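**Student:** Numbering (UniProt numbering), first residue to last: 26 to 151. Every residue, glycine too, gets a C-beta built ideally from N, C-alpha and C.
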(Lines of atoms letter the chains of each structure in order from A; the text may use other names.)
(Lines give C-alpha, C1' and ligand atoms only; values in the text may rest on other atoms or scores of the structure.)
Protein backbone atom coordinates (compact mmCIF):
# COMPACT_ATOMS: atom_id res chain seq x y z
CA UNK A 26 0.00 0.00 0.00
CA UNK A 27 1.21 3.58 -0.64
CA UNK A 28 0.83 7.34 -0.69
CA UNK A 29 0.44 9.27 -3.94
CA UNK A 30 1.88 12.74 -3.73
CA UNK A 31 0.95 15.31 -6.34
CA UNK A 32 3.46 18.05 -7.44
CA UNK A 33 0.59 20.49 -7.96
CA UNK A 34 0.21 21.91 -4.43
CA UNK A 35 1.97 18.92 -2.79
CA UNK A 36 -1.06 16.92 -1.74
CA UNK A 37 -1.51 13.28 -1.11
CA UNK A 38 -4.31 11.95 -3.28
CA UNK A 39 -7.21 11.21 -0.96
CA UNK A 40 -10.49 9.39 -1.30
CA UNK A 41 -12.91 10.42 1.32
CA UNK A 42 -15.70 7.99 2.41
CA UNK A 43 -18.40 10.11 0.79
CA UNK A 44 -16.57 9.33 -2.45
CA UNK A 45 -15.12 12.82 -2.70
CA UNK A 46 -11.64 12.93 -4.24
CA UNK A 47 -9.05 15.57 -3.46
CA UNK A 48 -5.68 16.34 -2.04
CA UNK A 49 -4.52 17.02 1.47
CA UNK A 50 -1.16 18.63 2.32
CA UNK A 51 -1.63 16.86 5.64
CA UNK A 52 -0.55 13.22 6.15
CA UNK A 53 -1.74 10.52 8.50
CA UNK A 54 -5.14 11.58 7.02
CA UNK A 55 -6.39 7.99 7.17
CA UNK A 56 -7.75 8.28 3.56
CA UNK A 57 -4.53 8.91 1.69
CA UNK A 58 -3.31 5.28 2.04
CA UNK A 59 -3.85 3.67 -1.30
CA UNK A 60 -3.64 0.18 -2.67
CA UNK A 61 -2.60 -0.27 -6.36
CA UNK A 62 -3.31 -3.69 -7.91
CA UNK A 63 -2.37 -4.52 -11.50
CA UNK A 64 -5.21 -6.11 -13.54
CA UNK A 65 -2.77 -6.37 -16.52
CA UNK A 66 0.58 -4.90 -17.55
CA UNK A 67 0.22 -1.10 -17.04
CA UNK A 68 -3.46 -1.03 -15.92
CA UNK A 69 -4.19 -0.38 -12.25
CA UNK A 70 -6.94 -0.08 -9.69
CA UNK A 71 -6.54 2.52 -7.00
CA UNK A 72 -8.20 1.39 -3.82
CA UNK A 73 -8.52 3.13 -0.45
CA UNK A 74 -7.21 0.87 2.30
CA UNK A 75 -9.53 2.69 4.69
CA UNK A 76 -12.90 2.89 2.93
CA UNK A 77 -11.97 0.25 0.35
CA UNK A 78 -13.37 2.55 -2.37
CA UNK A 79 -11.87 2.64 -5.82
CA UNK A 80 -10.66 5.80 -7.66
CA UNK A 81 -12.81 6.46 -10.70
CA UNK A 82 -13.58 9.08 -13.38
CA UNK A 83 -17.12 9.84 -14.54
CA UNK A 84 -18.03 10.78 -18.12
CA UNK A 85 -17.55 14.48 -17.39
CA UNK A 86 -13.93 14.07 -16.21
CA UNK A 87 -14.63 14.38 -12.50
CA UNK A 88 -12.72 12.10 -10.17
CA UNK A 89 -14.72 10.26 -7.48
CA UNK A 90 -14.31 7.18 -5.24
CA UNK A 91 -16.45 4.18 -6.04
CA UNK A 92 -17.70 1.29 -3.93
CA UNK A 93 -17.64 -1.24 -6.69
CA UNK A 94 -14.62 -1.79 -9.01
CA UNK A 95 -15.54 -1.35 -12.68
CA UNK A 96 -14.81 0.19 -16.12
CA UNK A 97 -14.44 3.61 -14.51
CA UNK A 98 -11.85 2.42 -12.00
CA UNK A 99 -9.13 1.26 -14.42
CA UNK A 100 -6.17 3.60 -15.10
CA UNK A 101 -3.29 3.17 -17.40
CA UNK A 102 -0.09 3.74 -15.43
CA UNK A 103 3.00 5.25 -17.03
CA UNK A 104 6.34 5.62 -15.24
CA UNK A 105 7.82 9.11 -15.64
CA UNK A 106 11.13 10.84 -15.68
CA UNK A 107 11.34 12.18 -12.81
CA UNK A 108 10.36 9.06 -10.86
CA UNK A 109 6.74 10.29 -10.87
CA UNK A 110 3.71 8.48 -12.36
CA UNK A 111 0.73 9.48 -14.49
CA UNK A 112 -2.66 7.90 -14.47
CA UNK A 113 -4.95 7.87 -17.48
CA UNK A 114 -8.58 6.90 -17.35
CA UNK A 115 -8.75 3.69 -19.32
CA UNK A 116 -12.48 4.24 -20.15
CA UNK A 117 -11.71 7.75 -21.36
CA UNK A 118 -8.10 7.11 -22.55
CA UNK A 119 -8.59 7.95 -26.24
CA UNK A 120 -9.51 11.48 -25.01
CA UNK A 121 -6.37 11.69 -22.89
CA UNK A 122 -8.04 12.25 -19.49
CA UNK A 123 -5.55 12.05 -16.62
CA UNK A 124 -6.06 11.98 -12.89
CA UNK A 125 -5.08 15.47 -11.69
CA UNK A 126 -5.17 17.85 -8.70
CA UNK A 127 -5.33 21.67 -8.66
CA UNK A 128 -3.06 23.74 -6.34
CA UNK A 129 -5.86 23.88 -3.74
CA UNK A 130 -5.76 20.06 -3.91
CA UNK A 131 -9.11 20.01 -5.62
CA UNK A 132 -9.92 17.66 -8.48
CA UNK A 133 -8.73 18.74 -11.92
CA UNK A 134 -11.27 17.30 -14.37
CA UNK A 135 -9.92 15.24 -17.27
CA UNK A 136 -10.68 17.79 -20.12
CA UNK A 137 -8.35 20.36 -18.55
CA UNK A 138 -5.53 17.99 -17.69
CA UNK A 139 -2.72 17.66 -20.19
CA UNK A 140 0.74 16.24 -20.38
CA UNK A 141 3.36 18.68 -19.04
CA UNK A 142 1.05 19.84 -16.27
CA UNK A 143 2.33 19.28 -12.75
CA UNK A 144 -1.32 18.58 -11.82
CA UNK A 145 -1.10 15.07 -13.27
CA UNK A 146 2.21 13.95 -11.61
CA UNK A 147 2.13 11.57 -8.60
CA UNK A 148 4.93 10.01 -6.53
CA UNK A 149 4.40 6.46 -5.32
CA UNK A 150 5.47 6.26 -1.66
CA UNK A 151 5.45 3.30 0.83
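Let me know the beta strand (DSSP E) ranges lying completely inside the region 95-125, each 3 residues or longer, listed in chain order.
**Tutor:** Segments of the beta strand (DSSP E) lying fully in the region 95-125: 100-104, 110-114.
**Student:** Does the structure place the region 103-110 close enough to the region 75-93 that three or more beta carbon pairs sit under 8 angstroms?
**Tutor:** Judged by Cβ distances under 8 angstroms, the region 75-93 makes no contact with the region 103-110, as fewer than three pairs qualify.
**Student:** I'd like to check one pair, residue 135 with residue 86: are the Cβ atoms closer than 8 angstroms?
**Tutor:** The residue labelled residue 86 in the question sits at position 61 within the chain shown. The residue labelled residue 135 in the question sits at position 110 within the chain shown. In this structure, residue 135 lies closer than 8 angstroms to residue 86 by Cβ.
**Student:** Taking the beta strand (DSSP E) that residue 40 belongs to, which residues open and close that run?
**Tutor:** Here the question's residue 40 lines up with position 15 in the chain shown. Segment 36-40, the beta strand (DSSP E) holding residue 40.
**Student:** From the DSSP output, which residues share a beta bridge with residue 149?
**Tutor:** As a position in the chain shown, residue 149 is number 124, starting the count at 1. Answer is 29, bridged to residue 149.
**Student:** Return the Cβ separation of residue 101 and residue 67 in integer angstroms, given the expectation that the two are a contact with Cβ distance under 8 angstroms.
**Tutor:** Looking up residue 101 in the chain shown gives position 76. Looking up residue 67 in the chain shown gives position 42. Yes, they are in contact, since the Cβ atoms of residue 101 and residue 67 sit about 6 angstroms apart, within 8 angstroms.
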